[PDB]
Amino acid sequence: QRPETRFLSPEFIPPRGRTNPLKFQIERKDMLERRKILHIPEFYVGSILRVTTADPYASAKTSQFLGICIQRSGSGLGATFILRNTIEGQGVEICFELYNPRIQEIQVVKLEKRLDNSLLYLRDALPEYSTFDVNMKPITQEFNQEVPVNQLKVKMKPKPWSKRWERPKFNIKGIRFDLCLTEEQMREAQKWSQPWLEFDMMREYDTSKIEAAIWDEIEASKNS
RNA sequence: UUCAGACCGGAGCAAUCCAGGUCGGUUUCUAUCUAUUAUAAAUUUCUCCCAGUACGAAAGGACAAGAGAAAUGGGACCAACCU
Ligand SMILES: [Mg+2]
Ligand SMILES: [Mg+2]
Ligand SMILES: [Mg+2]
Ligand SMILES: [Mg+2]
Ligand SMILES: [Mg+2]
Ligand SMILES: [Mg+2]
Ligand SMILES: [Mg+2]
Ligand SMILES: [Mg+2]
């Protein structure tokens, strides 16, 4: 059995603006020129990575970092992702540019999908979830063609949290809300819900034409 | 401060009073007329040097020239970040 679904790195998806499509073919040709030197592996928010940077100021030019991918955003050449880790008890985040020429090797130790598409809420979660072993070895993939969905509820510090996570606009399934909240506050949070949004139709973003076109563009670019 | 209430010194037999303190106390306008409603052509630090040299018995110790960084003020703009 060969389950086959093509994972397109999220920054090959052009934004909704009215920008002239000529711009996007340029960015694509550049970042696809970049793909051929530095190899960029798949990963998702929740997946654990280790990046090697060229560091001008250190003695060993290589700087090593390891953490969770908390969120990604961008498009074209300006793609970025954010790593999070606790070193010695200090919470540390880094923002990396995917296509930046300073980055030498990216390495995936654990490929994983956690329930929410961004976790900034690991800021208010207890220190365990942000801690990782600097030296852990890459734990490989069995080619199940199923990226494992780890459903893990989290514990949080007492309020306030850097954002209000209980409220509907965030759609957080990952947080454990029974232990961290009271019924009153769970009714409060329901006053900000906007039920009609999922049914808004016109607010929906259509892709697939573009998907076919640019995927064909990537095939065509690998061939040559 | 500056009215109406109120205490506390004091002054008056009192009513009341002292540019003496203290607490409290309504801030109204829908613009008729005149006036007016975006051109540009930078300013300042602090470093780095020079040169620890010129200057003085030593102790302390420069400008000028030349490379950098900022900050503020003009004019803009969202690839990223952040809202
Ligand atoms: Mg905050
Ligand atoms: Mg009296
Ligand atoms: Mg009052
Ligand atoms: Mg008063
Ligand atoms: Mg007034
Ligand atoms: Mg008029
Ligand atoms: Mg008016
Ligand atoms: Mg400015």
# chains A, B, ... in the order shown; residues from 1 in each chain; ligands from 1
>>> interface_residues(of="chain B", to="chain A", cutoff="9 Å", atoms="only C-alpha atoms (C1' of nucleotides)", output="PDB file with N, CA and C atoms (P, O5', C5', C4', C3', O3' and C1' of nucleotides), in the first residue's frame")
ATOM      1  P     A B  79       4.645  43.169   1.970  1.00  0.00           P
ATOM      2  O5'   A B  79       5.426  41.850   2.393  1.00  0.00           O
ATOM      3  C5'   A B  79       6.102  41.064   1.427  1.00  0.00           C
ATOM      4  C4'   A B  79       7.323  40.428   2.026  1.00  0.00           C
ATOM      5  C3'   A B  79       7.200  40.043   3.486  1.00  0.00           C
ATOM      6  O3'   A B  79       6.538  38.808   3.668  1.00  0.00           O
ATOM      7  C1'   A B  79       9.250  41.159   3.128  1.00  0.00           C
ATOM      8  P     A B  80       5.628  38.572   4.969  1.00  0.00           P
ATOM      9  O5'   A B  80       6.656  38.627   6.188  1.00  0.00           O
ATOM     10  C5'   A B  80       7.468  37.506   6.490  1.00  0.00           C
ATOM     11  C4'   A B  80       8.615  37.873   7.391  1.00  0.00           C
ATOM     12  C3'   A B  80       8.264  38.181   8.834  1.00  0.00           C
ATOM     13  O3'   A B  80       8.068  37.020   9.613  1.00  0.00           O
ATOM     14  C1'   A B  80       9.745  39.820   8.022  1.00  0.00           C
ATOM     15  P     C B  81       6.697  36.837  10.427  1.00  0.00           P
ATOM     16  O5'   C B  81       6.976  37.569  11.809  1.00  0.00           O
ATOM     17  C5'   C B  81       8.183  37.352  12.517  1.00  0.00           C
ATOM     18  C4'   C B  81       8.438  38.480  13.473  1.00  0.00           C
ATOM     19  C3'   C B  81       7.236  38.910  14.290  1.00  0.00           C
ATOM     20  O3'   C B  81       7.064  38.094  15.431  1.00  0.00           O
ATOM     21  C1'   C B  81       8.332  40.811  13.396  1.00  0.00           C
TER      22        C B  81
END
>>> residues_near_ligand(ligand="ligand 7", cutoff="12 Å", atoms="only C-alpha atoms (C1' of nucleotides) and all ligand atoms", output="count of residues only")
3
>>> atom_distance(atom1="CA of residue 44 (chain A)", atom2="atom 1 (Mg, counted along the ligand's line) of ligand 1")
26.0 Å
>>> residues_around(residues="residue 121 (chain A)", least_positions_apart="3", cutoff="9 Å", atoms="only C-alpha atoms (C1' of nucleotides)", output="PyMOL selection string")
chain A and resi 118+124-125+156+161-163+165+172+175
>>> closest_atom_pairs(of="chain B", to="ligand 3", cutoff="12 Å", atoms="only C-alpha atoms (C1' of nucleotides) and all ligand atoms", output="CSV")
residue,atom,partner,partner_atom_place_in_ligand_line,distance
B:23,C1',ligand 3,1 (Mg),9.4
B:24,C1',ligand 3,1 (Mg),6.3
B:25,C1',ligand 3,1 (Mg),8.5
>>> residues_around(residues="region 98-109 of chain A", least_positions_apart="2", cutoff="6 Å", atoms="only C-alpha atoms (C1' of nucleotides)", output="PyMOL selection string")
chain A and resi 48-54+79-80+138-139
>>> select_by_dssp(residues="region 29-216 of chain A", states="strand (DSSP E or B)", output="tab-separated table (two decimals) with N, CA, C and O atoms, in the first residue's frame")
chain	number	residue	atom	x	y	z
A	48	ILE	N	10.02	18.80	16.76
A	48	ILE	CA	11.29	19.20	17.39
A	48	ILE	C	12.45	19.25	16.41
A	48	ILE	O	12.76	18.27	15.73
A	49	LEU	N	13.11	20.40	16.36
A	49	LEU	CA	14.16	20.64	15.39
A	49	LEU	C	15.46	21.04	16.06
A	49	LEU	O	15.47	21.46	17.22
A	50	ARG	N	16.56	20.89	15.32
A	50	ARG	CA	17.86	21.39	15.74
A	50	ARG	C	18.58	22.12	14.61
A	50	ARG	O	18.96	21.50	13.62
A	51	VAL	N	18.80	23.42	14.76
A	51	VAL	CA	19.40	24.21	13.68
A	51	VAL	C	20.87	24.50	13.93
A	51	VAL	O	21.29	24.74	15.07
A	52	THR	N	21.66	24.46	12.86
A	52	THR	CA	23.05	24.89	12.93
A	52	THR	C	23.25	26.22	12.22
A	52	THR	O	22.98	26.35	11.03
A	53	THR	N	23.74	27.20	12.96
A	53	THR	CA	23.95	28.54	12.42
A	53	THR	C	25.43	28.86	12.27
A	53	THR	O	26.25	28.41	13.05
A	54	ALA	N	25.76	29.66	11.27
A	54	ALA	CA	27.09	30.25	11.22
A	54	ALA	C	27.13	31.45	12.17
A	54	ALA	O	26.37	32.41	12.02
A	62	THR	N	30.03	27.32	14.27
A	62	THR	CA	28.72	26.71	14.40
A	62	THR	C	28.08	27.04	15.75
A	62	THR	O	28.71	26.95	16.80
A	63	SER	N	26.81	27.45	15.70
A	63	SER	CA	25.97	27.56	16.88
A	63	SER	C	24.82	26.57	16.77
A	63	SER	O	24.13	26.52	15.76
A	64	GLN	N	24.63	25.77	17.81
A	64	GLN	CA	23.60	24.74	17.79
A	64	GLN	C	22.37	25.16	18.58
A	64	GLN	O	22.50	25.70	19.67
A	65	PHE	N	21.18	24.93	18.04
A	65	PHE	CA	19.99	25.16	18.85
A	65	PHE	C	18.97	24.04	18.70
A	65	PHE	O	18.89	23.43	17.65
A	66	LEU	N	18.19	23.78	19.75
A	66	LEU	CA	17.19	22.71	19.69
A	66	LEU	C	15.89	23.08	20.40
A	66	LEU	O	15.92	23.54	21.54
A	67	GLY	N	14.75	22.87	19.75
A	67	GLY	CA	13.48	23.21	20.37
A	67	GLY	C	12.24	22.76	19.63
A	67	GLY	O	12.33	22.03	18.65
A	68	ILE	N	11.07	23.17	20.11
A	68	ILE	CA	9.82	22.95	19.38
A	68	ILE	C	9.60	24.03	18.35
A	68	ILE	O	9.99	25.17	18.56
A	69	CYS	N	8.94	23.68	17.25
A	69	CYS	CA	8.51	24.71	16.33
A	69	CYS	C	7.14	25.17	16.81
A	69	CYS	O	6.16	24.43	16.76
A	70	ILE	N	7.10	26.41	17.29
A	70	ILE	CA	5.93	27.00	17.91
A	70	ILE	C	4.94	27.57	16.89
A	70	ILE	O	3.73	27.43	17.06
A	71	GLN	N	5.45	28.24	15.85
A	71	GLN	CA	4.62	28.75	14.77
A	71	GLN	C	5.43	29.02	13.51
A	71	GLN	O	6.64	29.17	13.58
A	72	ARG	N	4.76	29.09	12.37
A	72	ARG	CA	5.42	29.51	11.14
A	72	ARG	C	4.59	30.59	10.48
A	72	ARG	O	3.37	30.61	10.62
A	73	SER	N	5.25	31.50	9.78
A	73	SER	CA	4.54	32.49	8.98
A	73	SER	C	5.45	33.00	7.88
A	73	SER	O	6.66	32.84	7.95
A	80	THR	N	9.67	32.23	7.85
A	80	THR	CA	10.33	32.04	9.15
A	80	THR	C	9.65	30.97	10.00
A	80	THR	O	8.54	30.53	9.70
A	81	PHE	N	10.33	30.54	11.05
A	81	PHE	CA	9.72	29.67	12.07
A	81	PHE	C	10.35	29.96	13.44
A	81	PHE	O	11.47	30.45	13.52
A	82	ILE	N	9.63	29.64	14.50
A	82	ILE	CA	10.08	29.98	15.85
A	82	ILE	C	10.36	28.74	16.70
A	82	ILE	O	9.49	27.89	16.85
A	83	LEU	N	11.57	28.66	17.26
A	83	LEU	CA	11.95	27.56	18.16
A	83	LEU	C	11.87	27.97	19.62
A	83	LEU	O	12.18	29.11	19.97
A	84	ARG	N	11.46	27.04	20.48
A	84	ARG	CA	11.29	27.33	21.90
A	84	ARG	C	11.91	26.26	22.76
A	84	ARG	O	11.68	25.07	22.55
A	85	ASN	N	12.71	26.69	23.73
A	85	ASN	CA	13.34	25.75	24.65
A	85	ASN	C	13.71	26.38	25.97
A	85	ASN	O	14.03	27.56	26.03
A	86	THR	N	13.70	25.58	27.03
A	86	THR	CA	14.14	26.05	28.34
A	86	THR	C	15.58	25.61	28.62
A	86	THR	O	15.87	24.42	28.75
A	87	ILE	N	16.48	26.58	28.71
A	87	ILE	CA	17.86	26.30	29.07
A	87	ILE	C	18.09	26.75	30.51
A	87	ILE	O	17.98	27.95	30.81
A	90	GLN	N	15.68	29.31	32.09
A	90	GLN	CA	15.32	30.47	31.29
A	90	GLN	C	14.54	30.01	30.06
A	90	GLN	O	14.99	29.14	29.32
A	91	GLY	N	13.34	30.56	29.86
A	91	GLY	CA	12.61	30.35	28.62
A	91	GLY	C	13.26	31.09	27.45
A	91	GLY	O	13.51	32.29	27.53
A	92	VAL	N	13.54	30.38	26.37
A	92	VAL	CA	14.19	31.00	25.23
A	92	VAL	C	13.45	30.72	23.93
A	92	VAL	O	13.07	29.58	23.65
A	93	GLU	N	13.21	31.77	23.15
A	93	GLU	CA	12.64	31.62	21.82
A	93	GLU	C	13.62	32.17	20.80
A	93	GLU	O	14.33	33.12	21.08
A	94	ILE	N	13.66	31.58	19.62
A	94	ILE	CA	14.41	32.18	18.54
A	94	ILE	C	13.53	32.24	17.30
A	94	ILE	O	12.74	31.34	17.04
A	95	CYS	N	13.67	33.32	16.54
A	95	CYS	CA	13.01	33.42	15.25
A	95	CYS	C	14.03	33.18	14.13
A	95	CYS	O	14.96	33.96	13.97
A	96	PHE	N	13.85	32.10	13.37
A	96	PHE	CA	14.77	31.78	12.27
A	96	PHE	C	14.17	32.05	10.90
A	96	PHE	O	13.01	31.72	10.66
A	97	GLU	N	14.96	32.61	9.99
A	97	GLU	CA	14.53	32.70	8.60
A	97	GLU	C	14.87	31.40	7.89
A	97	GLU	O	16.03	31.03	7.82
A	103	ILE	N	22.06	29.97	7.91
A	103	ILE	CA	21.70	28.62	8.34
A	103	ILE	C	22.42	27.57	7.49
A	103	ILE	O	22.39	27.62	6.26
A	104	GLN	N	23.07	26.61	8.15
A	104	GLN	CA	23.86	25.60	7.46
A	104	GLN	C	23.13	24.28	7.35
A	104	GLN	O	22.87	23.80	6.25
A	105	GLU	N	22.82	23.66	8.48
A	105	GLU	CA	22.04	22.43	8.47
A	105	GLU	C	20.82	22.48	9.39
A	105	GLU	O	20.93	22.81	10.57
A	106	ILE	N	19.65	22.14	8.85
A	106	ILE	CA	18.48	21.92	9.69
A	106	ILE	C	18.28	20.42	9.84
A	106	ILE	O	18.48	19.67	8.89
A	107	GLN	N	17.90	19.99	11.04
A	107	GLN	CA	17.80	18.57	11.35
A	107	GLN	C	16.55	18.29	12.16
A	107	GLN	O	16.31	18.94	13.17
A	108	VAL	N	15.75	17.32	11.73
A	108	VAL	CA	14.56	17.00	12.49
A	108	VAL	C	14.81	15.80	13.40
A	108	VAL	O	15.10	14.70	12.93
A	109	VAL	N	14.74	16.02	14.71
A	109	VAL	CA	14.87	14.92	15.66
A	109	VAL	C	13.56	14.17	15.88
A	109	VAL	O	13.55	12.94	15.88
A	110	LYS	N	12.46	14.89	16.04
A	110	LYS	CA	11.17	14.24	16.17
A	110	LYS	C	10.12	14.96	15.34
A	110	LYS	O	9.89	16.16	15.53
A	113	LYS	N	2.87	16.35	15.12
A	113	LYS	CA	1.77	17.32	15.02
A	113	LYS	C	0.99	17.44	16.32
A	113	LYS	O	0.26	16.52	16.68
A	114	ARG	N	1.10	18.57	17.00
A	114	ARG	CA	0.30	18.82	18.20
A	114	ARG	C	-0.97	19.59	17.86
A	114	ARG	O	-0.98	20.37	16.91
A	125	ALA	N	2.37	27.68	29.95
A	125	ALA	CA	2.36	26.31	30.42
A	125	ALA	C	3.52	26.10	31.40
A	125	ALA	O	4.46	26.89	31.42
A	149	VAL	N	-0.35	12.24	15.29
A	149	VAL	CA	-1.00	13.34	15.99
A	149	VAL	C	-0.95	13.04	17.47
A	149	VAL	O	-1.68	12.19	17.98
A	150	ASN	N	-0.11	13.79	18.19
A	150	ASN	CA	-0.01	13.60	19.61
A	150	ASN	C	-0.98	14.54	20.29
A	150	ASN	O	-0.79	15.75	20.28
A	154	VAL	N	-2.27	20.19	28.34
A	154	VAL	CA	-1.16	20.79	29.09
A	154	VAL	C	-1.66	21.42	30.40
A	154	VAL	O	-2.84	21.73	30.54
A	156	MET	N	-1.27	24.68	33.11
A	156	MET	CA	-0.83	26.07	33.03
A	156	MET	C	-0.60	26.71	34.40
A	156	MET	O	-1.25	26.35	35.38
A	175	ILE	N	-5.02	23.07	25.45
A	175	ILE	CA	-4.98	23.42	26.87
A	175	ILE	C	-5.98	22.59	27.66
A	175	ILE	O	-7.07	22.29	27.18
>>> select_by_dssp(residues="region 112-173 of chain A", states="helix (DSSP H, G or I)", output="PyMOL selection string")
chain A and resi 121-123+127-130+168-170
>>> residues_near_ligand(ligand="ligand 2", cutoff="12 Å", atoms="only C-alpha atoms (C1' of nucleotides) and all ligand atoms", output="number ranges by chain")
B: 6-12, 16-18
>>> write_last_selection(atoms="N, CA and C atoms (P, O5', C5', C4', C3', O3' and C1' of nucleotides)", output="PDB file, in the first residue's frame")
ATOM      1  P     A B   6     -24.304  75.726  58.227  1.00  0.00           P
ATOM      2  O5'   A B   6     -23.026  74.987  58.831  1.00  0.00           O
ATOM      3  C5'   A B   6     -23.083  73.607  59.158  1.00  0.00           C
ATOM      4  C4'   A B   6     -21.749  72.910  59.015  1.00  0.00           C
ATOM      5  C3'   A B   6     -20.633  73.380  59.912  1.00  0.00           C
ATOM      6  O3'   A B   6     -20.794  72.929  61.235  1.00  0.00           O
ATOM      7  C1'   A B   6     -19.792  72.961  57.751  1.00  0.00           C
ATOM      8  P     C B   7     -21.161  73.966  62.398  1.00  0.00           P
ATOM      9  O5'   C B   7     -20.189  73.518  63.573  1.00  0.00           O
ATOM     10  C5'   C B   7     -18.854  73.990  63.598  1.00  0.00           C
ATOM     11  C4'   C B   7     -17.827  72.914  63.316  1.00  0.00           C
ATOM     12  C3'   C B   7     -16.465  73.239  63.896  1.00  0.00           C
ATOM     13  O3'   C B   7     -16.347  72.769  65.213  1.00  0.00           O
ATOM     14  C1'   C B   7     -16.215  72.774  61.612  1.00  0.00           C
ATOM     15  P     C B   8     -16.241  73.826  66.405  1.00  0.00           P
ATOM     16  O5'   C B   8     -14.730  73.653  66.879  1.00  0.00           O
ATOM     17  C5'   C B   8     -13.840  72.858  66.110  1.00  0.00           C
ATOM     18  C4'   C B   8     -12.480  73.485  66.012  1.00  0.00           C
ATOM     19  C3'   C B   8     -12.285  74.801  66.736  1.00  0.00           C
ATOM     20  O3'   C B   8     -12.153  74.590  68.135  1.00  0.00           O
ATOM     21  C1'   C B   8     -11.293  74.905  64.593  1.00  0.00           C
ATOM     22  P     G B   9     -11.568  75.679  69.169  1.00  0.00           P
ATOM     23  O5'   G B   9     -11.551  77.062  68.410  1.00  0.00           O
ATOM     24  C5'   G B   9     -10.930  78.163  69.037  1.00  0.00           C
ATOM     25  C4'   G B   9      -9.473  78.310  68.666  1.00  0.00           C
ATOM     26  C3'   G B   9      -8.974  79.738  68.824  1.00  0.00           C
ATOM     27  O3'   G B   9      -8.439  79.971  70.115  1.00  0.00           O
ATOM     28  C1'   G B   9      -8.648  79.055  66.594  1.00  0.00           C
ATOM     29  P     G B  10      -9.382  80.596  71.258  1.00  0.00           P
ATOM     30  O5'   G B  10      -9.818  82.001  70.634  1.00  0.00           O
ATOM     31  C5'   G B  10      -9.010  83.158  70.818  1.00  0.00           C
ATOM     32  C4'   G B  10      -8.866  83.992  69.565  1.00  0.00           C
ATOM     33  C3'   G B  10      -9.737  85.230  69.481  1.00  0.00           C
ATOM     34  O3'   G B  10      -9.258  86.294  70.281  1.00  0.00           O
ATOM     35  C1'   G B  10      -9.762  84.114  67.404  1.00  0.00           C
ATOM     36  P     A B  11     -10.160  86.866  71.482  1.00  0.00           P
ATOM     37  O5'   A B  11     -11.067  87.960  70.771  1.00  0.00           O
ATOM     38  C5'   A B  11     -10.455  89.013  70.050  1.00  0.00           C
ATOM     39  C4'   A B  11     -11.361  89.569  68.986  1.00  0.00           C
ATOM     40  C3'   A B  11     -12.675  90.157  69.455  1.00  0.00           C
ATOM     41  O3'   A B  11     -12.516  91.434  70.052  1.00  0.00           O
ATOM     42  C1'   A B  11     -13.001  88.898  67.470  1.00  0.00           C
ATOM     43  P     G B  12     -13.311  91.803  71.400  1.00  0.00           P
ATOM     44  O5'   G B  12     -14.616  90.911  71.314  1.00  0.00           O
ATOM     45  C5'   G B  12     -15.819  91.371  71.894  1.00  0.00           C
ATOM     46  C4'   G B  12     -16.795  91.847  70.851  1.00  0.00           C
ATOM     47  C3'   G B  12     -18.247  91.539  71.176  1.00  0.00           C
ATOM     48  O3'   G B  12     -18.837  92.515  72.018  1.00  0.00           O
ATOM     49  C1'   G B  12     -17.759  90.711  69.035  1.00  0.00           C
ATOM     50  P     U B  16     -25.965  84.974  61.160  1.00  0.00           P
ATOM     51  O5'   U B  16     -25.469  85.987  60.028  1.00  0.00           O
ATOM     52  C5'   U B  16     -24.156  85.911  59.498  1.00  0.00           C
ATOM     53  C4'   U B  16     -23.365  87.153  59.813  1.00  0.00           C
ATOM     54  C3'   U B  16     -21.889  87.094  59.471  1.00  0.00           C
ATOM     55  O3'   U B  16     -21.637  87.346  58.104  1.00  0.00           O
ATOM     56  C1'   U B  16     -22.139  87.914  61.660  1.00  0.00           C
ATOM     57  P     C B  17     -20.432  86.585  57.369  1.00  0.00           P
ATOM     58  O5'   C B  17     -19.132  87.273  57.977  1.00  0.00           O
ATOM     59  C5'   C B  17     -18.888  88.654  57.751  1.00  0.00           C
ATOM     60  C4'   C B  17     -17.771  89.176  58.621  1.00  0.00           C
ATOM     61  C3'   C B  17     -16.400  88.583  58.349  1.00  0.00           C
ATOM     62  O3'   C B  17     -15.730  89.246  57.296  1.00  0.00           O
ATOM     63  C1'   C B  17     -16.835  88.545  60.673  1.00  0.00           C
ATOM     64  P     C B  18     -14.428  88.583  56.639  1.00  0.00           P
ATOM     65  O5'   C B  18     -13.328  88.717  57.781  1.00  0.00           O
ATOM     66  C5'   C B  18     -12.304  89.696  57.707  1.00  0.00           C
ATOM     67  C4'   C B  18     -10.993  89.142  58.200  1.00  0.00           C
ATOM     68  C3'   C B  18     -10.486  87.894  57.480  1.00  0.00           C
ATOM     69  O3'   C B  18      -9.814  88.152  56.254  1.00  0.00           O
ATOM     70  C1'   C B  18     -10.442  87.510  59.794  1.00  0.00           C
TER      71        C B  18
END
>>> residues_near_ligand(ligand="ligand 6", cutoff="12 Å", atoms="only C-alpha atoms (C1' of nucleotides) and all ligand atoms", output="PDB file with C-alpha atoms (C1' of nucleotides), in the first residue's frame")
ATOM      1  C1'   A B  31     -19.620  78.845  12.993  1.00  0.00           C
ATOM      2  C1'   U B  32     -22.924  84.084   9.592  1.00  0.00           C
ATOM      3  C1'   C B  33     -18.139  87.064   8.486  1.00  0.00           C
ATOM      4  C1'   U B  34     -12.572  87.538   8.327  1.00  0.00           C
ATOM      5  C1'   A B  35      -8.391  84.055   8.955  1.00  0.00           C
ATOM      6  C1'   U B  36      -6.614  79.363   7.741  1.00  0.00           C
ATOM      7  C1'   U B  37      -6.340  73.817   5.696  1.00  0.00           C
TER       8        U B  37
END
>>> residues_near_ligand(ligand="ligand 8", cutoff="12 Å", atoms="only C-alpha atoms (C1' of nucleotides) and all ligand atoms", output="number ranges by chain")
B: 42, 71-77
>>> residues_around(residues="residue 5 (chain A)", least_positions_apart="2", cutoff="10 Å", atoms="only C-alpha atoms (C1' of nucleotides)", output="list in words")
residues 2, 3, 7, 8, 145 and 146 of chain A
>>> closest_residue(among="A:159, A:116, A:10, A:47", to="ligand 1", atoms="only C-alpha atoms and all ligand atoms")
A:159
>>> residues_around(residues="residue 30 (chain A)", least_positions_apart="2", cutoff="12 Å", atoms="only C-alpha atoms (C1' of nucleotides)", output="ChimeraX atom specification")
/A:12,23-28,32-37,76-78,99-100,218,221
>>> write_last_selection(atoms="N, CA, C and O atoms", output="PDB file, in the first residue's frame")
ATOM      1  N   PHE A  12       5.029  28.194   0.179  1.00  0.00           N
ATOM      2  CA  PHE A  12       4.770  28.226  -1.250  1.00  0.00           C
ATOM      3  C   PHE A  12       3.310  28.573  -1.504  1.00  0.00           C
ATOM      4  O   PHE A  12       2.860  28.576  -2.646  1.00  0.00           O
ATOM      5  N   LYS A  23       5.392  38.345  -9.188  1.00  0.00           N
ATOM      6  CA  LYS A  23       6.212  38.466  -7.993  1.00  0.00           C
ATOM      7  C   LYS A  23       6.454  37.091  -7.403  1.00  0.00           C
ATOM      8  O   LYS A  23       7.568  36.771  -6.993  1.00  0.00           O
ATOM      9  N   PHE A  24       5.410  36.270  -7.392  1.00  0.00           N
ATOM     10  CA  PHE A  24       5.484  34.968  -6.751  1.00  0.00           C
ATOM     11  C   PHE A  24       6.342  33.966  -7.520  1.00  0.00           C
ATOM     12  O   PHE A  24       6.957  33.104  -6.907  1.00  0.00           O
ATOM     13  N   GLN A  25       6.390  34.070  -8.848  1.00  0.00           N
ATOM     14  CA  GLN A  25       7.238  33.166  -9.634  1.00  0.00           C
ATOM     15  C   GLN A  25       8.705  33.454  -9.365  1.00  0.00           C
ATOM     16  O   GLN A  25       9.546  32.554  -9.394  1.00  0.00           O
ATOM     17  N   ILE A  26       9.004  34.721  -9.099  1.00  0.00           N
ATOM     18  CA  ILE A  26      10.362  35.123  -8.744  1.00  0.00           C
ATOM     19  C   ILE A  26      10.821  34.547  -7.404  1.00  0.00           C
ATOM     20  O   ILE A  26      11.859  33.875  -7.328  1.00  0.00           O
ATOM     21  N   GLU A  27      10.049  34.816  -6.355  1.00  0.00           N
ATOM     22  CA  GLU A  27      10.317  34.273  -5.029  1.00  0.00           C
ATOM     23  C   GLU A  27      10.473  32.760  -5.094  1.00  0.00           C
ATOM     24  O   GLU A  27      11.421  32.211  -4.546  1.00  0.00           O
ATOM     25  N   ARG A  28       9.544  32.092  -5.771  1.00  0.00           N
ATOM     26  CA  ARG A  28       9.622  30.644  -5.912  1.00  0.00           C
ATOM     27  C   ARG A  28      10.915  30.210  -6.592  1.00  0.00           C
ATOM     28  O   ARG A  28      11.557  29.269  -6.141  1.00  0.00           O
ATOM     29  N   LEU A  32      13.584  28.003  -4.548  1.00  0.00           N
ATOM     30  CA  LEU A  32      13.824  26.689  -5.128  1.00  0.00           C
ATOM     31  C   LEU A  32      15.281  26.560  -5.569  1.00  0.00           C
ATOM     32  O   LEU A  32      15.824  25.456  -5.619  1.00  0.00           O
ATOM     33  N   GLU A  33      15.909  27.690  -5.887  1.00  0.00           N
ATOM     34  CA  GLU A  33      17.360  27.712  -6.073  1.00  0.00           C
ATOM     35  C   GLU A  33      18.080  27.415  -4.766  1.00  0.00           C
ATOM     36  O   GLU A  33      19.147  26.796  -4.750  1.00  0.00           O
ATOM     37  N   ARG A  34      17.488  27.884  -3.672  1.00  0.00           N
ATOM     38  CA  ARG A  34      18.021  27.662  -2.332  1.00  0.00           C
ATOM     39  C   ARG A  34      17.828  26.223  -1.852  1.00  0.00           C
ATOM     40  O   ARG A  34      18.677  25.694  -1.141  1.00  0.00           O
ATOM     41  N   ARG A  35      16.707  25.605  -2.226  1.00  0.00           N
ATOM     42  CA  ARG A  35      16.424  24.220  -1.837  1.00  0.00           C
ATOM     43  C   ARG A  35      17.527  23.260  -2.283  1.00  0.00           C
ATOM     44  O   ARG A  35      17.821  22.278  -1.599  1.00  0.00           O
ATOM     45  N   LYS A  36      18.133  23.552  -3.430  1.00  0.00           N
ATOM     46  CA  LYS A  36      19.126  22.666  -4.033  1.00  0.00           C
ATOM     47  C   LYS A  36      20.466  22.621  -3.288  1.00  0.00           C
ATOM     48  O   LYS A  36      21.224  21.667  -3.445  1.00  0.00           O
ATOM     49  N   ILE A  37      20.766  23.631  -2.476  1.00  0.00           N
ATOM     50  CA  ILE A  37      21.977  23.581  -1.656  1.00  0.00           C
ATOM     51  C   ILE A  37      21.665  23.025  -0.273  1.00  0.00           C
ATOM     52  O   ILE A  37      21.992  21.881   0.037  1.00  0.00           O
ATOM     53  N   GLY A  76       7.039  33.271   0.191  1.00  0.00           N
ATOM     54  CA  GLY A  76       8.227  33.497  -0.602  1.00  0.00           C
ATOM     55  C   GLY A  76       9.488  33.339   0.222  1.00  0.00           C
ATOM     56  O   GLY A  76       9.563  32.496   1.114  1.00  0.00           O
ATOM     57  N   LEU A  77      10.457  34.201  -0.051  1.00  0.00           N
ATOM     58  CA  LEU A  77      11.788  34.075   0.514  1.00  0.00           C
ATOM     59  C   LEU A  77      11.845  34.398   2.002  1.00  0.00           C
ATOM     60  O   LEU A  77      12.773  33.980   2.695  1.00  0.00           O
ATOM     61  N   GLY A  78      10.849  35.130   2.491  1.00  0.00           N
ATOM     62  CA  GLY A  78      10.851  35.611   3.866  1.00  0.00           C
ATOM     63  C   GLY A  78      10.255  34.675   4.906  1.00  0.00           C
ATOM     64  O   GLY A  78       9.937  35.092   6.020  1.00  0.00           O
ATOM     65  N   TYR A  99      15.062  30.528   4.748  1.00  0.00           N
ATOM     66  CA  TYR A  99      15.924  30.580   3.567  1.00  0.00           C
ATOM     67  C   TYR A  99      17.196  31.388   3.752  1.00  0.00           C
ATOM     68  O   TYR A  99      17.975  31.549   2.817  1.00  0.00           O
ATOM     69  N   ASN A 100      17.395  31.887   4.963  1.00  0.00           N
ATOM     70  CA  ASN A 100      18.582  32.653   5.333  1.00  0.00           C
ATOM     71  C   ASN A 100      19.902  31.899   5.054  1.00  0.00           C
ATOM     72  O   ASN A 100      20.043  30.741   5.436  1.00  0.00           O
ATOM     73  N   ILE A 218       7.195  23.156  -9.343  1.00  0.00           N
ATOM     74  CA  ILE A 218       8.238  22.470  -8.576  1.00  0.00           C
ATOM     75  C   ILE A 218       8.740  21.184  -9.259  1.00  0.00           C
ATOM     76  O   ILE A 218       9.950  20.907  -9.268  1.00  0.00           O
ATOM     77  N   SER A 221      10.877  22.312 -11.996  1.00  0.00           N
ATOM     78  CA  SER A 221      12.145  22.837 -11.481  1.00  0.00           C
ATOM     79  C   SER A 221      13.127  21.745 -11.020  1.00  0.00           C
ATOM     80  O   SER A 221      14.347  21.935 -11.084  1.00  0.00           O
TER      81      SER A 221
END
